[PDB]
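Student: Here you go, input_2.cif (mmCIF, C-alpha atoms and all ligand atoms):
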data_query
#
loop_
_atom_site.label_atom_id
_atom_site.label_comp_id
_atom_site.auth_asym_id
_atom_site.auth_seq_id
_atom_site.Cartn_x
_atom_site.Cartn_y
_atom_site.Cartn_z
CA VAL U 1 -6.42 6.89 6.32
CA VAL U 2 -8.80 7.48 9.23
CA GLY U 3 -7.28 9.31 12.18
CA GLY U 4 -4.23 10.42 10.21
CA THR U 5 -2.06 13.44 10.22
CA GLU U 6 -0.81 15.18 7.09
CA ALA U 7 2.56 13.78 6.04
CA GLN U 8 5.50 16.06 5.39
CA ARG U 9 6.04 15.98 1.59
CA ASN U 10 9.46 14.29 1.73
CA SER U 11 8.76 11.73 4.49
CA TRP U 12 7.51 8.87 2.30
CA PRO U 13 9.09 9.32 -1.13
CA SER U 14 8.33 5.75 -2.23
CA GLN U 15 4.57 6.28 -1.93
CA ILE U 16 2.79 6.46 -5.28
CA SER U 17 -0.76 7.25 -6.35
CA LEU U 18 -2.29 4.65 -8.70
CA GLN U 19 -4.94 6.31 -10.82
CA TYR U 20 -7.35 5.24 -13.53
CA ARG U 21 -8.66 7.11 -16.49
CA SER U 22 -12.20 8.31 -16.05
CA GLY U 23 -13.54 10.49 -18.85
CA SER U 24 -11.35 13.50 -19.37
CA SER U 25 -9.57 13.00 -16.12
CA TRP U 26 -7.78 10.67 -13.78
CA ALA U 27 -9.04 9.31 -10.46
CA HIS U 28 -6.95 8.07 -7.55
CA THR U 29 -7.87 4.52 -6.70
CA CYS U 30 -5.02 2.96 -4.70
CA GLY U 31 -1.57 3.44 -3.33
CA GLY U 32 1.62 1.65 -4.21
CA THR U 33 5.33 1.60 -3.43
CA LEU U 34 8.00 2.46 -5.98
CA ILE U 35 10.47 -0.43 -5.74
CA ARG U 36 12.56 0.11 -8.92
CA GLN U 37 12.69 3.19 -11.12
CA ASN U 38 10.31 1.29 -13.46
CA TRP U 39 8.43 -0.97 -11.02
CA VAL U 40 5.68 -0.36 -8.49
CA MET U 41 4.39 -2.80 -5.87
CA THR U 42 0.65 -2.63 -5.15
CA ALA U 43 -2.26 -4.86 -4.20
CA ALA U 44 -3.65 -7.34 -6.76
CA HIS U 45 -7.18 -6.30 -5.98
CA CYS U 46 -6.34 -2.77 -7.12
CA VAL U 47 -5.86 -3.89 -10.71
CA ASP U 48 -8.73 -6.40 -10.99
CA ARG U 49 -10.64 -3.87 -13.10
CA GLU U 50 -9.79 -3.71 -16.93
CA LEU U 51 -8.94 -0.01 -16.46
CA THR U 52 -6.29 2.30 -17.88
CA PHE U 53 -3.82 2.98 -15.08
CA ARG U 54 -1.13 5.55 -14.49
CA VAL U 55 1.26 6.04 -11.58
CA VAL U 56 2.07 9.38 -10.06
CA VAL U 57 5.33 9.65 -8.13
CA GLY U 58 6.32 12.79 -6.24
CA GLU U 59 2.67 13.38 -5.37
CA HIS U 60 1.47 15.12 -2.22
CA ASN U 61 -1.81 16.89 -2.97
CA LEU U 62 -4.06 15.08 -5.42
CA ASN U 63 -5.93 18.29 -6.19
CA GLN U 64 -3.04 20.85 -6.50
CA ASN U 65 0.17 21.19 -8.44
CA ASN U 66 2.98 20.30 -6.09
CA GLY U 67 5.76 21.03 -8.57
CA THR U 68 7.27 17.58 -7.96
CA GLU U 69 5.03 15.07 -9.68
CA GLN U 70 6.04 12.67 -12.44
CA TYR U 71 3.26 10.90 -14.36
CA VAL U 72 3.86 7.54 -16.05
CA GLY U 73 1.74 4.93 -17.69
CA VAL U 74 1.49 1.35 -16.53
CA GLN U 75 2.92 -0.87 -19.26
CA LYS U 76 2.61 -4.35 -17.73
CA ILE U 77 0.66 -5.73 -14.77
CA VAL U 78 1.86 -8.91 -13.08
CA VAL U 79 -0.59 -10.12 -10.46
CA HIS U 80 0.46 -12.88 -8.09
CA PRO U 81 -0.60 -16.11 -9.84
CA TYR U 82 -2.41 -17.39 -6.72
CA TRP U 83 -4.52 -14.29 -6.23
CA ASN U 84 -8.25 -14.97 -6.31
CA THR U 85 -10.45 -11.86 -6.48
CA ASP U 86 -13.27 -13.86 -4.83
CA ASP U 87 -11.13 -14.52 -1.76
CA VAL U 88 -9.06 -11.62 -0.41
CA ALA U 89 -8.73 -13.58 2.86
CA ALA U 90 -6.72 -16.26 1.08
CA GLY U 91 -3.93 -13.75 0.63
CA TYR U 92 -1.66 -13.22 -2.37
CA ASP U 93 -2.97 -9.65 -2.58
CA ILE U 94 0.08 -8.29 -4.40
CA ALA U 95 0.91 -7.17 -7.91
CA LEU U 96 3.83 -5.58 -9.70
CA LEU U 97 3.43 -2.80 -12.28
CA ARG U 98 6.12 -2.17 -14.86
CA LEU U 99 6.10 1.52 -15.76
CA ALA U 100 6.36 2.71 -19.35
CA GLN U 101 9.22 4.94 -18.37
CA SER U 102 11.79 4.99 -15.59
CA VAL U 103 11.14 7.75 -13.11
CA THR U 104 13.84 10.15 -11.87
CA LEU U 105 14.81 9.90 -8.19
CA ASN U 106 15.01 12.94 -5.87
CA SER U 107 13.91 13.80 -2.31
CA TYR U 108 10.30 13.25 -3.39
CA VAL U 109 10.82 10.06 -5.41
CA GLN U 110 12.84 7.19 -3.90
CA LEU U 111 12.73 3.43 -3.90
CA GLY U 112 11.01 1.75 -0.99
CA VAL U 113 13.27 -0.47 1.06
CA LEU U 114 11.87 -3.98 1.46
CA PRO U 115 12.53 -6.24 4.44
CA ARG U 116 14.70 -9.28 4.31
CA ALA U 117 12.81 -12.40 3.34
CA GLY U 118 11.00 -14.11 6.21
CA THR U 119 11.15 -11.16 8.60
CA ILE U 120 8.31 -11.07 11.12
CA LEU U 121 7.85 -8.05 13.33
CA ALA U 122 7.43 -8.42 17.05
CA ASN U 123 3.95 -7.58 18.36
CA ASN U 124 3.39 -3.87 18.80
CA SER U 125 6.16 -2.80 16.42
CA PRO U 126 6.07 0.87 15.32
CA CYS U 127 4.68 1.43 11.85
CA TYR U 128 2.97 4.09 9.79
CA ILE U 129 0.36 3.57 7.12
CA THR U 130 0.32 6.25 4.42
CA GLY U 131 -2.18 7.09 1.73
CA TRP U 132 -4.86 9.28 0.23
CA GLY U 133 -7.69 6.93 1.19
CA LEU U 134 -10.92 7.87 2.90
CA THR U 135 -10.55 9.89 6.05
CA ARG U 136 -13.70 8.37 7.58
CA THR U 137 -15.63 5.19 6.97
CA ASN U 138 -17.92 5.99 4.01
CA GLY U 139 -16.16 9.33 3.70
CA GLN U 140 -14.04 10.88 0.98
CA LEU U 141 -10.44 10.66 -0.15
CA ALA U 142 -7.85 12.90 1.44
CA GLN U 143 -6.43 15.71 -0.67
CA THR U 144 -2.99 15.57 0.97
CA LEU U 145 -1.07 12.44 1.83
CA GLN U 146 -1.93 11.18 5.32
CA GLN U 147 -0.03 9.04 7.77
CA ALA U 148 -1.25 7.16 10.83
CA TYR U 149 0.71 5.35 13.53
CA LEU U 150 -0.46 1.73 13.49
CA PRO U 151 1.45 -0.69 15.74
CA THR U 152 1.58 -4.24 14.55
CA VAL U 153 -0.65 -6.94 15.98
CA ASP U 154 1.10 -10.30 15.73
CA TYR U 155 -0.46 -13.35 14.13
CA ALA U 156 -1.37 -15.05 17.38
CA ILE U 157 -3.44 -12.06 18.49
CA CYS U 158 -4.70 -11.03 15.09
CA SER U 159 -5.97 -14.50 14.24
CA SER U 160 -7.72 -14.83 17.64
CA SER U 161 -11.48 -14.98 17.71
CA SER U 162 -12.01 -11.42 18.92
CA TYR U 163 -9.81 -10.08 16.15
CA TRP U 164 -9.81 -11.53 12.64
CA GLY U 165 -9.97 -15.27 13.42
CA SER U 166 -9.41 -17.52 10.42
CA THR U 167 -9.51 -14.59 8.00
CA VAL U 168 -5.92 -13.53 8.67
CA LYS U 169 -3.07 -15.65 7.42
CA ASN U 170 0.60 -15.70 8.33
CA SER U 171 1.29 -14.20 4.91
CA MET U 172 -0.29 -10.99 6.22
CA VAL U 173 0.64 -8.27 8.69
CA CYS U 174 -1.98 -6.73 10.93
CA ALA U 175 -1.55 -3.21 12.31
CA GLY U 176 -3.66 -0.85 14.33
CA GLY U 177 -7.13 -1.86 15.52
CA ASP U 178 -7.49 0.86 18.12
CA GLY U 179 -10.89 2.01 16.80
CA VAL U 180 -9.51 5.48 15.89
CA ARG U 181 -6.81 5.08 13.26
CA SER U 182 -6.79 2.79 10.23
CA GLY U 183 -6.45 2.38 6.55
CA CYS U 184 -9.57 2.91 4.50
CA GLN U 185 -10.74 2.65 0.89
CA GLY U 186 -8.20 4.18 -1.44
CA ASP U 187 -5.23 3.26 0.80
CA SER U 188 -5.14 -0.28 -0.62
CA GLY U 189 -1.93 -1.17 -2.33
CA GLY U 190 0.13 1.37 -0.44
CA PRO U 191 2.84 0.83 2.10
CA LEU U 192 3.02 0.02 5.76
CA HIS U 193 6.38 1.52 6.80
CA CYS U 194 7.97 -0.02 9.88
CA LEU U 195 11.03 1.24 11.72
CA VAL U 196 13.52 -1.59 12.14
CA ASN U 197 17.24 -1.12 13.10
CA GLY U 198 16.84 2.54 12.60
CA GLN U 199 15.55 2.28 9.05
CA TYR U 200 11.99 2.37 7.73
CA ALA U 201 11.13 -0.51 5.44
CA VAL U 202 7.92 -1.37 3.63
CA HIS U 203 6.63 -4.41 5.49
CA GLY U 204 3.06 -4.32 4.23
CA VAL U 205 0.90 -3.74 1.16
CA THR U 206 -2.49 -2.47 2.36
CA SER U 207 -5.11 -5.14 1.61
CA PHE U 208 -8.33 -5.01 3.64
CA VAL U 209 -10.36 -3.73 6.54
CA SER U 210 -13.55 -4.92 8.20
CA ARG U 211 -16.83 -5.12 6.37
CA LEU U 212 -18.11 -3.13 9.40
CA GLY U 213 -15.91 -0.14 8.84
CA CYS U 214 -12.39 1.12 8.49
CA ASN U 215 -11.53 2.04 12.10
CA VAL U 216 -13.09 -0.80 14.11
CA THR U 217 -11.65 -1.89 17.43
CA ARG U 218 -9.97 -5.26 17.18
CA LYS U 219 -10.17 -5.22 13.38
CA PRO U 220 -6.67 -3.93 12.60
CA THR U 221 -5.88 -3.03 9.04
CA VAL U 222 -4.58 -6.05 7.18
CA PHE U 223 -1.62 -5.92 4.83
CA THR U 224 0.10 -8.40 2.55
CA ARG U 225 3.38 -9.30 4.30
CA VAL U 226 6.04 -8.11 1.88
CA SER U 227 8.72 -10.34 3.44
CA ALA U 228 6.75 -13.42 2.32
CA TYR U 229 7.07 -12.37 -1.30
CA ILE U 230 10.71 -11.30 -1.77
CA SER U 231 11.56 -14.20 -4.08
CA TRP U 232 8.37 -13.72 -6.07
CA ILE U 233 9.11 -10.02 -6.50
CA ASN U 234 12.68 -10.64 -7.59
CA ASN U 235 11.62 -13.37 -9.96
CA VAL U 236 9.06 -11.11 -11.67
CA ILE U 237 11.47 -8.23 -12.07
CA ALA U 238 14.22 -10.49 -13.41
CA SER U 239 11.89 -12.07 -16.05
CA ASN U 240 10.37 -8.81 -17.17
CA CA H 301 -0.32 17.24 -6.85
#
Please re-express this file's structure in structure tokens.
Ligand SMILES: [Ca+2]

Tutor:
Amino acid sequence: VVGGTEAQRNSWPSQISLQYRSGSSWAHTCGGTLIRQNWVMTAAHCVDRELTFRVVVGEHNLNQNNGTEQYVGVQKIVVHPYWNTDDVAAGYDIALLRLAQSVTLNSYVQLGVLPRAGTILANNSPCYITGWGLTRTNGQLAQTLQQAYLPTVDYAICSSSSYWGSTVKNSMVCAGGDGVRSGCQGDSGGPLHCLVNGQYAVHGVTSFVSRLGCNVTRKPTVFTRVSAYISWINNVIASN
């Protein structure tokens, strides 16, 4: 997250860190949202690589013991069947991870609330992106979980020529684009939390930013629109 502020450690208890094994250690690669005690929602592109993955719930500082983490292996990966790694702009950038164990819920570990199917946010709706992604374009991961206020940009604006044009689809949510605050590499897969009827819900799965840079004016961060995939999500969980 570029232009973030450090999150309070119990603000976003559905945020997870998706990590891969690298030598004698683990490396953060993406975010995700805990949606069942044994299921995480992330981006398809995050699991394109044949890697060994684990999820960390209850995480705040990637580099320090927080006293709240739970570590769990990824047992099954279900990518959306229409995802094409060649074509992030086509959409379908969503995947579900069944965890090897069920995690225990507490003020640091909670399920993310998903929107009702079909919900579209009005332009300029209040949302926060969260994650441990780069804090500058071509920078380094954050140590502590960051949040940034990113107001939505509706489809009509976001798919205009000055913004993303043809690249954005109605199966996506755009947020931000102010040139200061954005998602960045390592935020992919995590949530976009939007306040609706007094309740935050996870409306987006972080998908992509401009090839120019993370925080680019009129290139809002682009998210998979969770509310387009409610039936898909439920179908996967019920058949696994
Ligand atoms: Ca930690």

Student: Kindly assemble as a Markdown table a list of the stretch 41-123 of chain U residues that lie within 12 Å of stretch 163-177 of chain U, each paired with its nearest atom pair and their distance in Å to one decimal, using all atoms listed in the file, sorted first by chain and then by ascending residue number.

Tutor:
| residue | atom | partner | partner_atom | distance |
| --- | --- | --- | --- | --- |
| U:87 | CA | U:167 | CA | 9.9 |
| U:88 | CA | U:167 | CA | 8.9 |
| U:89 | CA | U:167 | CA | 5.3 |
| U:90 | CA | U:169 | CA | 7.3 |
| U:91 | CA | U:171 | CA | 6.8 |
| U:92 | CA | U:171 | CA | 7.9 |
| U:93 | CA | U:172 | CA | 9.3 |
| U:94 | CA | U:172 | CA | 11.0 |
| U:117 | CA | U:171 | CA | 11.8 |
| U:118 | CA | U:171 | CA | 9.8 |
| U:119 | CA | U:173 | CA | 10.9 |
| U:120 | CA | U:173 | CA | 8.5 |
| U:121 | CA | U:173 | CA | 8.6 |
| U:122 | CA | U:173 | CA | 10.8 |
| U:123 | CA | U:175 | CA | 9.3 |

Student: Taking all atoms listed in the file into account, report as number ranges by chain which residues have an atom no farther than 7 Å from an atom of ligand CA 301 (chain H).

Tutor: U: 59-66, 69

Student: Per residue of stretch 11-93 of chain U within 12 Å of stretch 192-201 of chain U, which atom pair is closest and at what distance in Å (one decimal), using only C-alpha atoms, listed by chain and increasing number, as JSON lines?

Tutor:
{"residue": "U:11", "atom": "CA", "partner": "U:200", "partner_atom": "CA", "distance": 10.4}
{"residue": "U:12", "atom": "CA", "partner": "U:193", "partner_atom": "CA", "distance": 8.7}
{"residue": "U:13", "atom": "CA", "partner": "U:193", "partner_atom": "CA", "distance": 11.4}
{"residue": "U:14", "atom": "CA", "partner": "U:193", "partner_atom": "CA", "distance": 10.2}
{"residue": "U:15", "atom": "CA", "partner": "U:192", "partner_atom": "CA", "distance": 10.0}
{"residue": "U:31", "atom": "CA", "partner": "U:192", "partner_atom": "CA", "distance": 10.7}
{"residue": "U:32", "atom": "CA", "partner": "U:192", "partner_atom": "CA", "distance": 10.2}
{"residue": "U:33", "atom": "CA", "partner": "U:192", "partner_atom": "CA", "distance": 9.6}
{"residue": "U:35", "atom": "CA", "partner": "U:201", "partner_atom": "CA", "distance": 11.2}
{"residue": "U:42", "atom": "CA", "partner": "U:192", "partner_atom": "CA", "distance": 11.5}

Student: Of the candidates U:107, U:130, U:152, U:217, which shows the shortest atom-to-atom distance to residue U:189, using all atoms listed in the file?

Tutor: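 Result for the nearest residue to residue U:189: U:130.
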
Student: Hey, what's within 7 Å of residue U:71 if we count only C-alpha atoms and toss same-chain stuff fewer than 4 positions away? As JSON, numbers by chain, please?

Tutor: {"U": [54, 55, 56, 57]}

Student: Using all atoms listed in the file, which of the listed residues (U:21, U:238, U:227, U:185) sits closest to residue U:51?

Tutor: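 Going through U:21, U:238, U:227, U:185 one by one, the smallest distance to residue U:51 is for U:21.
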
Student: Atom CA of residue U:153 and atom CA of residue U:182, how far apart in Å?

Tutor: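 Separating atom CA of residue U:182 from atom CA of residue U:153 is a distance of 12.9 Å.
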
Student: Let me make sure I understand: among U:188, U:215, U:75, U:84, which one has the smallest atom-to-atom distance to residue U:43 if we use only C-alpha atoms?

Tutor: U:188

Student: Need the neighbours of (10.0, 3.3, -16.0): which residues are at most 7 Å away, counting all atoms listed in the file, as a ChimeraX atom specification?

Tutor: /U:37-39,98-103

Student: Return the single residue from U:24, U:234, U:19, U:239 that is closest to residue U:132, with distances computed using all atoms listed in the file.

Tutor: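 Going through U:24, U:234, U:19, U:239 one by one, the smallest distance to residue U:132 is for U:19.
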
Student: Quote the spacing between atom CA of residue U:112 and atom CA of residue U:230 in Å to one decimal place.

Tutor: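 Separation of atom CA of residue U:112 and atom CA of residue U:230: 13.1 Å.
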